[PDB]
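Protein chains in written order, with the deposited numbering: chain A, 2 to 514; chain A', 2 to 514; chain A'', 2 to 514. A prime marks a further copy of an entry chain.
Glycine included, every Cβ here is placed at the ideal spot set by N, Cα and C.
Just below is one structure, and these are the notes that go with it.
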Amino acid sequence: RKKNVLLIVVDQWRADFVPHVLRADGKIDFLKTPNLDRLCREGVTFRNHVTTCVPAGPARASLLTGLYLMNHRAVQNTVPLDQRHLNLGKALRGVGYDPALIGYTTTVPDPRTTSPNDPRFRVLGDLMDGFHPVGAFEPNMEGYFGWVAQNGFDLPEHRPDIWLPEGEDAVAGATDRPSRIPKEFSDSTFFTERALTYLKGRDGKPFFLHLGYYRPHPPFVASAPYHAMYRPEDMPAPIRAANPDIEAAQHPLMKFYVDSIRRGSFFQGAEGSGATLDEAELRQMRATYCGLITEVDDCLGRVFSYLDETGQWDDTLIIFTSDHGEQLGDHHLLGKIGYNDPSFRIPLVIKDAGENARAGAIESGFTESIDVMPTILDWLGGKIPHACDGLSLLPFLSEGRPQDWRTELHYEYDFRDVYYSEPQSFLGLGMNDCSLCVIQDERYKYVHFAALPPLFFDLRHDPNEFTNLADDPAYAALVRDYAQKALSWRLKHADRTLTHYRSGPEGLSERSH
Amino acid sequence: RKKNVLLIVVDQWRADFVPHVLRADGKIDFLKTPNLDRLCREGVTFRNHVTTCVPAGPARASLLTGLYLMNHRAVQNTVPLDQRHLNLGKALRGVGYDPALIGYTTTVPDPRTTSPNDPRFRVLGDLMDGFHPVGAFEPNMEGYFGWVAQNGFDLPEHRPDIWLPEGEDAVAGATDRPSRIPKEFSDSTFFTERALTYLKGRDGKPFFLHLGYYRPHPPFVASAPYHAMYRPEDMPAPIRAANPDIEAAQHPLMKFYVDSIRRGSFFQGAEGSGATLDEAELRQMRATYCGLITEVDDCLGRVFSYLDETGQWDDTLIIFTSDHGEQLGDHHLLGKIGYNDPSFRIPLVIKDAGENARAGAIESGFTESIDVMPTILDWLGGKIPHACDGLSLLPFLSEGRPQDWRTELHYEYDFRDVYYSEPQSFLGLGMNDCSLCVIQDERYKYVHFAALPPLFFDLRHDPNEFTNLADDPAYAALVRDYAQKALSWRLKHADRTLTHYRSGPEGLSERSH
Amino acid sequence: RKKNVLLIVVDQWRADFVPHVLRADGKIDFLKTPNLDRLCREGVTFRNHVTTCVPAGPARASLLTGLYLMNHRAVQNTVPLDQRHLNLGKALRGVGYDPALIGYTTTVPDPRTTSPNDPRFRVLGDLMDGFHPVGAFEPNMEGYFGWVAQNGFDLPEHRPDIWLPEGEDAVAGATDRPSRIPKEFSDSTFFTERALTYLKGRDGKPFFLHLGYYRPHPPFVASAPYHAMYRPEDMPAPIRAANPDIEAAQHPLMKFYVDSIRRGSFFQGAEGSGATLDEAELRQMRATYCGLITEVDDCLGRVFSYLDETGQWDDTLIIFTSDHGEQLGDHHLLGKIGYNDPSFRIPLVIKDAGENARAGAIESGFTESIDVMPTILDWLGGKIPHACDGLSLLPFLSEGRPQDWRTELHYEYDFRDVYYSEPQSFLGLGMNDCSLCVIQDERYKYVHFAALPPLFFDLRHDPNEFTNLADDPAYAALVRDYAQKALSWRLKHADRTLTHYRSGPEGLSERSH
Ligand SMILES: O=P(O)(O)c1ccccc1
Ligand SMILES: O=P(O)(O)c1ccccc1
Ligand SMILES: O=P(O)(O)c1ccccc1
Ligand SMILES: [Mn+2]
Ligand SMILES: [Mn+2]
Ligand SMILES: [Mn+2]
Ligand code: NA
Ligand code: NA
Ligand code: NA
Ligand code: NA
Ligand code: NA
Ligand code: NA
Ligand code: NA
Ligand code: NA
Ligand code: NA
């Protein structure tokens, strides 16, 4: 009768680092996530889920509004989110739920709503208006660092230097050494302690909780013993072209990122380019990444154990997802940028209340992060806002993929200049011409740029997106077809704020179909 | 060069429980507050400071907007605060400061800004829009209780029963026994730990912090050994009429509260009326109240010690105040209600940065809680909003009371029906007729009711407000004079949102004088 | 079954220039208004009606919001009206009526809603947001002058020179000559033609129409033959002190206006002070004023005739009123300023649909211009907005004055500096200290200034307000009593926007009593 929602949002966790799917495909599950595996056994694992944009700001705007980037317009980190969009926090209040949130949303405020001197305009983003923060990372991670200091741990003068490899002789970069922060004071421990505090405060009352984890976001360094938990040789090999120049030749945007991404954005204090990492260094980076993932899973076990002991597990809808993926060396790239699958494909696992009709199933239907907000509101008995682009995933938990479900995946990326990454001059583009959209299915992937060449991949023969076919005249009809599907997608998703209203002889009315 | 502001807001702490003033008047300082005494030695103590309204919701609306109740209209607990009023949190963002807040504001949201199903409409109030919460009590004190539970302390099924006197044989009410919560898990310890966490996270960067404490708000029970720290016989005697009926005869509103106030609103689980407490029980209640005060002072010492060790004390403006006072048995009343001095008189101590020109001085100028927000913004170099009713107190820290400073104190009280206290039927009044305002100086006090008889007191001969003179024809000219001052006060404080703007032949302009 | 509302708002028309009341008191009705007399015979004439403030901007804000100046804050001409106040136009849309308006409202826009370069900030005011204009005077009377020019009449280079007395030898000032504009092109003819156009466009459909007339607002010059219609010797004598200095001695605000008012504000092109007009000139001015009044009445006859011929008269609520009064030489003043009765007392005549239960009655109950908006909305079946200060007058049309009706009249005046009248330096006052309020009944009148001496008049012995008694110690109790009534009035009318809402255990609720 009581209904809780636990929305777990990790950061930078790839869809192909989900053991349940690896085992289903007969692959070696090279990492351990027993608590995520529990959700998979009890619920539905969605194997074709994408975030509709990257990096964190855009991806979290889509997750928390149910809108594509084409509508929310929070197109990059540092770009404001218009206050007109209804977010999940405000919608939760509409159904009587407190929108409690741990972690962060990386939201720049609307300048029309606050002073231009607002300190929230000094950072990548701050908490989205409408949520109730009960465990904030805070900008500059001040919430975490203050908790570390209050726990009695002496921090270095530059606090992110806790993420340098242990030892004054250590070389910054991919490392086999632990970080300089003990496990009991890690950021994953922090968010977990906030979750337990909040759940204990609720004392059995119905809850919504957005439980955000920073890891496995970089720096790719882990508290002991997670730094040594996986052997580099057991990791999947990175997938990349023969050298960075051949890789970059595919497209100007690929060249910009191959040339510009720096190791220091991924390892604390590191020097050099991301593209020059060798296979051994990429394998070590992947092993450390897996260590950070297992630490999150260990922490989730503590949260799940509290739900078990208080008898709330079977009353709670649990949704596990990530904001976006990570290239992890694929295509000579680090991070979440561009158009490749690994930046956008993300885990999604949903466990309904009670015994799940499809417990253990793996769903191939094409799902998008914009679907999560409608799913939560549907489940709590609210109406889905008219403006949302996504649709509720609840049918997948009972009977399966609806007959009229989408037949392609869609995502977008905007690469206009921000303070730390400025491709416009290299690309020769103005700020409103720096975007792309992607449409794909089981067979083909089409990447359309507003003002650069398009790309087209045959995923059966070229699953790793190495061979652009868009300019091959033998593919003209196929490229036409996918450009046409994407164009229809644009038309179908124009803003829906008031378009159901009608004047007329009987006064104001609303159309429902 | 760096400037910090620490605004300490305690709850329910009377102005006559401030040792520095007691000693200056040659009275016994019957309670210990060495850390407040430090602020008094280093700064200016304002001995005639009032909150402009009670209880917490109205008083905090005035404190955090600089507006009288006549303008903010958050007239009682449970009544919404209109979003149009500029609050201190939003004003702080206007000067580049993060408006960090610990404690609570007891603010009901504006219904035009949120769903009517919003859970914030189930409680007395929630956090005021525009602040950055870093240590929230939360509604139902969930933040505190979750922190207690996470600290490993087993709570009773009804969590406020931690405030029953220790021992299953204990009788609820005024008590010589400790509460059932250890000192290390008290609510004052909680807010202090949040303050230290926040200050350690700041790591020397400029800060604003609203450090709110719940104590000495009831229940009047204290963790050991604060419950035994003061002897009842050493406490000041309550000041009240010969019996509750003679007290109630003064005015219908006095009768309503004398008849209706229940001991259970002041001692956990207690039965009976507040007015029937005997002198010994009132003395014990006062001794417990002093214990709660000293616990807060002990906690402030920990905050001050961190500022001392980090070298920030001399960079920080420290303002110590209370939201409102407490009758503490005076006039047979418990709580913060009506029109008597003890409900509205509150401490105010201000320590400027560096060596204070008036260190140790006690100021008799008439100050009001609406002055605190203008003071903070003036000190940080911002403009004081046009709409504020209060004025900056900074002149008092250097040269003294301005020549044109106010010559009377003013406050208001609205007693329209709320869910837990409904005087309208007894008084025979409609909801918009249930208010009073008060004006007073060193000699006379005038209490004007919208729709009940007025009251007038000669404070030299009748300092404790026992003898109404308003209906004595020999006082007609004096009562006229004070009604006239109060009427002028109303006219001078009509809303100022746009009244400085002018159209005219040169276009839109603003008048400054 | 169909219901229409015709709200006729003239400008600057005194309550003692209403023939129906003059005849009832056995006085000579020295002016002719047969069409107003028809309304009086068929409806209720309110003989104690006041505008709650002057001049046009403030008075029309009160009329069109139902709010006292203390709440609407449009305190003078040129001062913005806050958009938060619900006006009659928007309320009419709430009941399905088009808020058609002819004339003007003299409303300065809220600067938060429009560019500071908006041309509406160059003028005294423009149309209030929310009305549907169907016959606007326009700023600078451009709508009227364009209609004159399109009618083929050649205008002078400075268009207001149509109001110079006829003849190049004419001396500007009070005159026995006609204006230089024919009757068929007068401003009263213009507004009437707009009214007939609008009513003919409606073609029998239900209507609301605000029919505004500029006259008898100055310049006090009339089209032929209205300039010669009344003999100066038949006019009521102006009521004033022995000389302007003795008049001015009563109060600093009286001195400011006696000294500063110029004849050119009342007669086109005239030179000299208003206070030095002799009795003959004041008599001629009064005769011209009566001529302008009869012209309006003639025009109303044309509107009434259209309602008669289309069978709509008995379906229409007709309300006749003025924005404010006019000193007309009383107390050496011209215009609508200060505190005297003639500036604030105004006509009010209401004819219900069908046969009126109180046809011909004269009502002595104290009514205020804030009552008109609630009356209209009540009559159309809408709810009266919570925020309104006024109350519906409908009970007066059936059974009579409610038992709990107000027992005093109230009005306000704010005299802070505007571009054409700047008393602050002479008075020594700041901008927020330049107001007064007035309370009066059949016996006594009390004028309270925010920051200047008060005034008190015994209206039985001193009906024309010549003898201030406020400083007479024998009146201390009476002055006390009236200051107390006014103070209660302030408390009872604090803003009511959200004060009926309540949070509580059952969620958001509203109190109705
Ligand atoms: O966009 P990101 O995932 O790098 C991010 C940004 C700010 C805080 C946390 C994560
Ligand atoms: O008005 P109060 O001081 O009793 C109050 C209300 C809610 C929370 C804290 C204090
Ligand atoms: O205030 P007023 O009645 O002189 C006025 C102002 C502008 C247009 C019409 C009337
Ligand atoms: Mn991210
Ligand atoms: Mn309080
Ligand atoms: Mn006017
Ligand atoms: Na960055
Ligand atoms: Na190619
Ligand atoms: Na096609
Ligand atoms: Na309560
Ligand atoms: Na008495
Ligand atoms: Na006086
Ligand atoms: Na003018
Ligand atoms: Na006199
Ligand atoms: Na009285």
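Just to make sure I have the definition right: I need the residues of chain A' whose C-beta is within less than 9 Å of the C-beta of residue 54 (chain A''). Which are they?
Taking the third sequence and counting its residues from 1, the one referred to as residue 54 (chain A'') is at position 53. The contacting residues do not exist; residue 54 (chain A'') stays about 12 Å from chain A' at best.
Using a Cβ cut-off of 8 Å (strictly closer), state whether residue 429 (chain A') contacts chain A''.
Your numbering for residue 429 (chain A') matches position 428 in the second sequence. Chain A'', which has no Cβ nearer than 8 Å to the Cβ of residue 429 (chain A'), makes this no.
Please classify residue 62 (chain A): does DSSP put it in a helix, a strand, or coil?
Translated into the one-based positions of the first sequence, residue 62 (chain A) becomes position 61. Residue state, collapsed to three classes: helix.
Do residue 165 (chain A') and residue 273 (chain A') have their beta-carbon atoms positioned less than 8 Å apart in this structure?
Translated into the one-based positions of the second sequence, residue 273 (chain A') becomes position 272. Translated into the one-based positions of the second sequence, residue 165 (chain A') becomes position 164. Against a cut-off of 8 Å, the Cβ pair of residue 165 (chain A') and residue 273 (chain A') comes out as no contact.
When we look at the beta-carbon of residue 399 (chain A'') and count the other beta-carbons within 10 Å, is it buried (16 or more) or exposed?
Residue mapping note: residue 399 (chain A'') aligns to position 398 of the third sequence, counting from 1. With fewer than 16 other Cβ atoms within 10 Å, it is exposed.
If I'm right that residue 89 (chain A'') touches residue 125 (chain A'') with Cβ under 8 Å, what's the distance once you round it to whole angstroms?
The sequence position of residue 89 (chain A'') within the third sequence is 88, counting from 1. The sequence position of residue 125 (chain A'') within the third sequence is 124, counting from 1. Actually they are not in contact, since the Cβ atoms of residue 89 (chain A'') and residue 125 (chain A'') sit about 20 Å apart, beyond 8 Å.
Start-to-end residues for the alpha helix (DSSP H) that takes in residue 139 (chain A)
On the first sequence, residue 139 (chain A) is found 138 positions in, with the first residue counted as 1. Per DSSP, residue 139 (chain A) belongs to no alpha helix (DSSP H) and is neither H nor E.
If you compare alpha carbons, which of A':502, A':411, A':480, A':420 is closest to residue 493 (chain A')?
Walking along the second sequence from the start, residue 493 (chain A') turns up at place 492. When only C-alpha atoms are compared, the closest one is A':411.
Regarding residue 301 (chain A') and ligand 13, is the C-beta to nearest heavy atom distance less than 7 Å?
For the purposes of this step, residue 301 (chain A') is taken as residue 300 along the second sequence, with counting starting at 1. It does not: the Cβ of residue 301 (chain A') is nowhere closer than 7 Å to a heavy atom of ligand 13.
Could you tell me the boundaries of the beta strand (DSSP E) in which residue 350 (chain A) lies?
By 1-based counting over the first sequence, the position of residue 350 (chain A) is 349. Taken as a continuous stretch (DSSP letters only), the beta strand (DSSP E) holding residue 350 (chain A) covers 349–352.
If you draw a straight line from the C-alpha of residue 478 (chain A'') to the C-alpha of residue 108 (chain A'), how long is it?
Translated into positions along the third sequence, residue 478 (chain A'') becomes position 477. Translated into positions along the second sequence, residue 108 (chain A') becomes position 107. Whole-angstrom Cα-Cα distance: 42 Å.
So does residue 125 (chain A'') have its beta carbon nearer than 7 Å to some heavy atom of ligand 13?
By one-based count along the third sequence, residue 125 (chain A'') stands at place 124. Flag set: Cβ of residue 125 (chain A'') near ligand 13.
List the endpoints of the continuous beta strand (DSSP E) containing residue 438 (chain A).
As a position in the first sequence, residue 438 (chain A) is number 437, starting the count at 1. 436–441 is the extent of the beta strand (DSSP E) around residue 438 (chain A).
Tell me, please, which residues DSSP counts as bridged to residue 364 (chain A'').
To locate residue 364 (chain A''), count along the third sequence from 1; it is residue 363. DSSP output for residue 364 (chain A'') lists A'':47 as bridge partner(s).
Where does the unbroken beta strand (DSSP E) through residue 11 (chain A'') begin, and where does it stop?
Working through the third sequence from its first residue, we reach residue 11 (chain A'') at position 10. Where residue 11 (chain A'') is concerned, the enclosing beta strand (DSSP E) stretches over 5–11.
Count the other CB atoms within 10 Å of the CB of residue 15 (chain A); is the residue buried (16 or more) or exposed (fewer)?
Translated into the one-based positions of the first sequence, residue 15 (chain A) becomes position 14. It counts as buried.
Whether residue 366 (chain A'') touches residue 397 (chain A'') by CB criterion (8 Å)
Position 365 of the third sequence, counted from the first residue, corresponds to residue 366 (chain A''). Position 396 of the third sequence, counted from the first residue, corresponds to residue 397 (chain A''). It is a contact, given that the beta carbons lie within the stated cut-off.
Strictly by DSSP, which residues pair up with residue 458 (chain A)?
Working through the first sequence from its first residue, we reach residue 458 (chain A) at position 457. Paired residue(s): A:446.
List the whole-angstrom C-beta distance separating residue 321 (chain A'') from residue 9 (chain A''), where the pair is believed to meet the contact cut-off of C-beta under 8 Å.
By one-based count along the third sequence, residue 321 (chain A'') stands at place 320. By one-based count along the third sequence, residue 9 (chain A'') stands at place 8. Confirmed, about 5 Å.
Could you check the C-alpha separation between residue 221 (chain A'') and residue 111 (chain A'') for me, to the nearest Å?
Position 220 of the third sequence, counted from the first residue, corresponds to residue 221 (chain A''). Position 110 of the third sequence, counted from the first residue, corresponds to residue 111 (chain A''). Near 33 Å, if we compare the C-alpha coordinates of residue 111 (chain A'') and residue 221 (chain A'').
Using a Cβ cut-off of 8 Å, pull out every chain A' residue sitting near residue 477 (chain A''), in sequence order please.
In the third sequence, residue 477 (chain A'') corresponds to position 476, counting from 1. Those within 8 Å of residue 477 (chain A'') in chain A' are 477, 478, 481.
Taking only three categories from DSSP, how would you classify residue 105 (chain A)?
In the first sequence, residue 105 (chain A) corresponds to position 104, counting from 1. Correct three-state label for residue 105 (chain A): coil.
Under 8 Å by beta carbon: chain A'' residues contacting residue 474 (chain A'):
For this step, residue 474 (chain A') is matched to residue 473 along the second sequence. Per Cβ cutoff of 8 Å: 478.
Measuring CB atoms only, is the segment 36–54 of chain A' touching the segment 341–353 of chain A', in the sense that at least three cross pairs come out at less than 8 Å?
yes
Measuring alpha carbon to alpha carbon, tell me which residue in A:251, A:388, A:358 is nearest residue 333 (chain A).
As a working note, residue 333 (chain A) is residue 332 in the first sequence. Nearest C-alpha to residue 333 (chain A): A:251.
Are the CB atoms of residue 147 (chain A') and residue 144 (chain A) within a distance shorter than 8 Å?
Locating residue 144 (chain A) in the first sequence gives position 143, counting from the first residue. Locating residue 147 (chain A') in the second sequence gives position 146, counting from the first residue. No, these two residues do not count as a Cβ contact at 8 Å.
The beta strand (DSSP E) spanning residue 410 (chain A) covers which residue range?
Start at 1 with the first residue of the first sequence, and residue 410 (chain A) comes out as number 409. Start and end: 410–415.
Below 8 Å, can you find three or more Cβ-Cβ pairs linking the segment 113–132 of chain A'' to the segment 76–87 of chain A''?
yes
Per DSSP, what kind of secondary structure is residue 396 (chain A') in: helix, strand or coil?
Against the second sequence, residue 396 (chain A') aligns to sequence position 395. Here residue 396 (chain A') sits in helix by DSSP.
Within 6 Å of ligand 5: residues by beta-carbon to any heavy atom:
A':12, A':13, A':56, A':57, A':218, A':324, A':325
Contact set for residue 245 (chain A): own chain, Cβ-Cβ below 7 Å, skip 5 residues either direction
As a first step, residue 245 (chain A) must be located in the first sequence, where it is residue number 244. So the qualifying residues of the chain are 259, 276, 333.
Go ahead and pull the three-state DSSP assignment for residue 228 (chain A).
What you label residue 228 (chain A) is simply residue 227 of the first sequence in a count that begins at 1. It is helical.
Tell me whether residue 408 (chain A) is buried or exposed, calling it buried when 16 or more other Cβ atoms sit within 10 Å of its Cβ.
Locating residue 408 (chain A) in the first sequence gives position 407, counting from the first residue. Exposed, by the Cβ-count rule.
Residues, ordered as in the chain, of the segment 492–508 of chain A' that lie near chain A'' by beta-carbon distance below 9 Å:
492, 493, 494, 495, 496, 497, 498, 499, 500, 501, 502, 503, 504, 505, 506, 507, 508
Report yes if the C-beta of residue 442 (chain A) is less than 7 Å from at least one heavy atom of ligand 9; otherwise report no.
On the first sequence, position 441 is the one that residue 442 (chain A) refers to. No, the beta carbon of residue 442 (chain A) sits no closer than 7 Å to any heavy atom of ligand 9.
Consider the Cβ of residue 390 (chain A''): report whether some Cβ of chain A' lies at a distance smaller than 8 Å.
Walking along the third sequence from the start, residue 390 (chain A'') turns up at place 389. No, because no Cβ of chain A' sits closer than 8 Å to the Cβ of residue 390 (chain A'').
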